[PDB]
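In: the data below comprise the sequence and an experimental structure of the protein.
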Amino acid sequence: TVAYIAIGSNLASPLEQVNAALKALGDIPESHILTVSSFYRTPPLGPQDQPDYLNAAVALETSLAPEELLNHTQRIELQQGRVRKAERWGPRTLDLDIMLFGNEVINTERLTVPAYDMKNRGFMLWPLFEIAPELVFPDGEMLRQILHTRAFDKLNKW
Ligand SMILES: Nc1ncnc2c1ncn2[C@@H]1O[C@H](COP(=O)(O)CP(=O)(O)OP(=O)(O)O)[C@@H](O)[C@H]1O
Ligand SMILES: Nc1nc2c(c(=O)[nH]1)N=C(CO)CN2
Ligand SMILES: [Cl-]
Ligand SMILES: [Mg+2]
Ligand SMILES: [Mg+2]
């Protein structure tokens, strides 16, 4: 299955964090990286008292079940010093969000796929479009068309 994973970081040297995350993602069992996006510098969504983010996206081929993939992405966040604050949308060393897990629709307590807010976020859609321009969502929408409709600002390279 092709999983598309969003990467974000705005603490503790985001470029190093993203590079470390990519290495670690490739080391996940029964999985391998297919494609990686460019790195983008994006202003924070949410509270404005935090640094700009490095955002990227990666396509990962995996034979893991989705929740087992989640266990592994969460482990990588923790290995990279992720600390979860009280405030929503606050800063973090590393954030790995499963945007899509093949064409699956998943609704559980731990996991919602497609990622619940991705269609509203240029910092998720643009890096995804760079690596999967032909992508169609489980609901039948084309990524290319969602981008056309929303006309989100284009991103700047990190
Ligand atoms: N598709 C998905 N990818 C990753 N985590 C997901 C997820 N769907 C649900 N979750 C859940 O989201 C919980 C909180 O994850 P956090 O990383 O702290 C939220 P965040 O990514 O900072 O904000 P955001 O979801 O608004 O982007 C996790 O413990 C996980 O169970
Ligand atoms: N620019 C940007 N802003 C955010 C991001 C993110 O990845 N990029 N993620 C958030 C919660 O996960 C908080 N707001
Ligand atoms: Cl969808
Ligand atoms: Mg997250
Ligand atoms: Mg997130």
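Out: It's in. Residues are numbered from 1 along each chain as shown. Ligands and ions are numbered 1, 2, ... in the order given.
In: count the neighbours of the closest residue to ligand 2 within the chain for me.
Out: Nearest residue of the chain to ligand 2 (CB to the nearest ligand atom) works out as residue 8 at 2.9 Å. For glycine as for every other residue, the C-beta is placed from the backbone atoms N, C-alpha and C. Residue 8 sits with 27 neighbouring residues when counted by other CB atoms under 10 Å.
In: list the contacts for residue 135?
Out: Going by CB atoms under 8 Å, 6 or more residues apart in numbering, residue 135 touches 4, 100, 128-129, 142-144.
In: kindly recompute the last result at 7 Å.
Out: 128, 143 (CB atoms under 7 Å, 6 or more residues apart in numbering).
In: can you pull out the helices in this protein?
Out: Assigned by DSSP state H, the helices in the chain fall at 14-26, 66-79, 122-131, 143-150.
In: separation between the residue sitting furthest away from the middle of the chain and ligand 4?
Out: Distance from the C-alpha centroid of the chain, by CA atoms, centre = their mean, peaks at residue 49 (21.9 Å). Note on residue 49: its distance to ligand 4, by CB to the ion, to the nearest Å, is 20 Å.
In: tally of neighbours for the residue nearest to residue 70 when sequence neighbours are not counted?
Out: Once flanking residues are discounted, residue 70 sits nearest to residue 111: 5.8 Å by CB to CB, 6 or more residues apart in numbering. Residues lying near residue 111 (other CB under 10 Å) number 14.
In: do the same with residue 71
Out: Using other CB under 10 Å, residue 71 has 13 neighbouring residues.
In: show residues contacting the top strand by length along the chain.
Out: When the chain is parsed with DSSP state E, its longest strand is strand 53-62. With contact meaning CB under 7 Å, 6+ apart, strand 53-62 is reached by 1-10, 14-15, 18, 22, 25, 30-37, 39-42, 44, 69, 123, 127-128, 131-132, 158.
In: show me which of these are buried.
Out: 1, 3-10, 14, 18, 22, 25, 31, 33, 36-37, 39-42, 44, 69, 123, 127-128, 131-132, 158 (16 or more other CB atoms under 10 Å).
In: re earlier: and the longest strand of the chain, what's buried?
Out: Quick answer for strand 53-62 (16+ other CB under 10 Å): 53-60, 62.
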